[PDB]
Structures are given as structure tokens and as C-alpha cells.
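Undergrad: following this: a sequence and the matching experimental structure.
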Amino acid sequence: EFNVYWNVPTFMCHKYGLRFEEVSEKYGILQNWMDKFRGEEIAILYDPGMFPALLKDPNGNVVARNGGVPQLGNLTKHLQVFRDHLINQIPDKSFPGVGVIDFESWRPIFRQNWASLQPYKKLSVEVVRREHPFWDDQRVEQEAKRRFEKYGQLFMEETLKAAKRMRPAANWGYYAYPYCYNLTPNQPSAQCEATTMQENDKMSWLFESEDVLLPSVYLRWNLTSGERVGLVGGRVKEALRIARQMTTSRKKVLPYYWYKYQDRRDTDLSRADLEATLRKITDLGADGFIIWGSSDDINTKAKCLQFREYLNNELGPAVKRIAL
């Protein structure tokens, strides 16, 4: 069984008379009734609740939403807000579709908050130093990490249990987990970075409670063709690796696929890239995939028409010939 799901925000084009009915009527992609964004097939929640995060004004001041770092946050305040969004966002109690929480503020493993997620390591260390002026470096960092990791797990595990409590027939999963960081500066080959693999085995608390693993397999233009296939492949094997060790239930691997090159959004994926990467997903044995898109790529009549053309001349057909 191999299902493809549509999570492109084409509701943005309904005002111009384009309802994308062909997504499911001709290409067999699972689509929410009436092409609504959220429905009985899929629902994505972008930053729901009041997850602790570090934001920046245009002014330039750092705002610490609900603590900034997990260890400083109000869990119960996050969960009431989360439960009230969810009620409105997915009004149907029997929703049996794929439920996706898109939470990207920080990673739950302290080591993984590199590059732009660094402020989360700094801040965590600073809180401890203010508390304990006489502690030495090593003692401080150790305790910062301990704190961030305990409460990072707590915020993630508790939100997922709330989703499951509220909508018990959905298939919940966090967008982008598990990470692999292959073809990256940290891990510059098509293989996942080795410590990430050990960290993913240590994160059984997340993968055991989710129903679906959702690795992001967006391509980059600045990669050879082999590397583009290797980008997707390494990420899906890792999900599958994790998925076959789970023990509470079957786990579905449904990778998140985008039709634009991430480093070159004006360009849609080539037909050559569509076939090789969708064949990789399918040959690896995943349960299907999810096609996503930004509302900024179809936020005008002109763009909606152009996407529609690509849908019918490239993406749809590829999806129908390979995957279905």
C-alpha cells in the first residue's frame, strides 16, 4: 500500500476559480474534500500552542516567547493554547487523517542546535551562570544541557500526547523527524551524520509515540543528480531504520516532498529529478509521500495558473507513473 497526499495550499487559488480537482480525480493523490487546506486526509499545524522560542523584532530585540528555552517555559500554558488551536483547526473528533505538527524552533538534543539554533545553547548556559557564579565552565554547560534536554523532551512528548488524547484516530508525527543531516557541512556525504544516528536511537520516547515519521527531503539545485537521489535516499533509509525497531505499533514513513529546489525557488523540480527521487522513495519501501508547498509560491492569479500547468504537465504525471 502506497498513498500520496496533497498538502500544497491551493485553497489560495479558489478565489480565481482554480479548485485543483484533478489532483485526486486524475492523478489519484489523496486530497481533503473540496481542496480545503485542513480536512479528513491531512492537516498540518504550523507552530501551534506557545512553544518556547527565541524571536526577533524588525526593531532587533530578541523576544523570548514563553521562556525562550524549554527549561524556562510554562508547559501548562503551552498546552491550553495548543488544545484550543487544535479544537478549531481540526474540529472533527474522529479525524482519521495524517496529523502533522510543524515545530521547528529548536531540536531536543542540545548538541543539534548548531548554526542559527545556537542562541538556544548560549542562553541555556547563561541562565545557569547567573544562578551559580562560582561554578566552573564544565559544571555549567553540563547542567545547561541537562536542563534543556529534560524539558525539550517534556515539551515535545506532552504536546504529542495531547494531540493523541484529543484526536485518537489521527496519525500524528512531527514534521522533519528524524533528522539525518546528510549532504550538509556537519555531514558532507549522502550518509547521515553518525552521532545523529545514535541520538535517534536515544529518542525512542518520540518515535515510539508517533504514528508517522516525516523526514524532509527537499532538494537543492546546487548538487549533482546523484547527490539529489542520495539526499532523499539517506533520509528515508534512516526513517525506515528507526521505524523497524519500533515496538508499540506499525510506523508509517511518509517523507515530506517539495516541488521547488530549496536554494532556487523560481525553479520547479525537473522531470528527470522527479522520476529518480520518487523511484528512490518507492524502491526503499516507504508508505507513500506528502507533497508540500508554500502559499508564497501561489499567491497571485499568474502563479496559480503556472503551478496548475506544472501540476498537469510534470508533477501529476510523474506521481501517477512512478508512485501510483
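TA: On my side now, so go ahead. Numbering: from 1, shown residues only.

Undergrad: every contact and neighbour count from this point should use C-alpha atoms.
TA: Fine.

Undergrad: hey, where'd the strands end up in the stretch 101-250 of the chain?
TA: Shown for the stretch 101-250 of the chain, the strands assigned by DSSP state E, counting those that start in this stretch span residues 171-174, 212-213.

Undergrad: distance to residue 90 and mean neighbour count for those - can I get that in a markdown table?
TA: Below are the strands of the stretch 101-250 of the chain laid out as a markdown table (distance: least, C-alpha to C-alpha, whole Å; neighbours: other C-alpha atoms under 10 Å):
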| stretch | distance to residue 90 | mean neighbour count |
| --- | --- | --- |
| strand 171-174 | 13 | 24 |
| strand 212-213 | 18 | 27 |
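
Undergrad: take those strands and write them to TSV, including distance to residue 252.
TA: Listed next are the strands of the stretch 101-250 of the chain as TSV, based on distance: least, C-alpha to C-alpha, whole Å:
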stretch	distance to residue 252
strand 171-174	9
strand 212-213	5
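
Undergrad: among those strands, which comes closest to residue 281?
TA: For residue 281, the closest of these is strand 212-213, at 13.6 Å, according to C-alpha to C-alpha.

Undergrad: which residues does the residue in the chain sticking out farthest from the centre contact?
TA: In the chain, counting by C-alpha atoms, centre = their mean, residue 134 sits farthest out from the average C-alpha position, at 40.9 Å. By C-alpha atoms under 8 Å, 6 or more residues apart in numbering, residue 134 lies in contact with nothing.

Undergrad: and it, how far from residue 306?
TA: Separation of residue 134 from residue 306 (C-alpha to C-alpha, to the nearest Å): 63 Å.

Undergrad: next one: residue 264
TA: For residue 264 relative to residue 306 (C-alpha to C-alpha), the value is 17 Å.

Undergrad: ok, residue 164 next?
TA: Applying C-alpha to C-alpha, the value for residue 164 to residue 306 is 38 Å.

Undergrad: over to residue 23?
TA: For residue 23, the distance to residue 306 - C-alpha to C-alpha - is 15 Å.

Undergrad: settle it for me: which of the two has more neighbours?
TA: Taking other C-alpha atoms under 10 Å, residue 23 and residue 306 do not tie; residue 23 has more neighbours (20 against 12).

Undergrad: which element, helix or strand, includes the more buried one?
TA: In the assignment (DSSP states H and E), residue 23 maps to helix 22-25.

Undergrad: after that helix, next one along is what?
TA: Counting by DSSP H and E, what follows helix 22-25 is strand 42-46.

Undergrad: sheet partners, orientation included, of that following strand?
TA: Neighbouring strands of strand 42-46 in its sheet, by DSSP bridges, are strand 98-102 (parallel).
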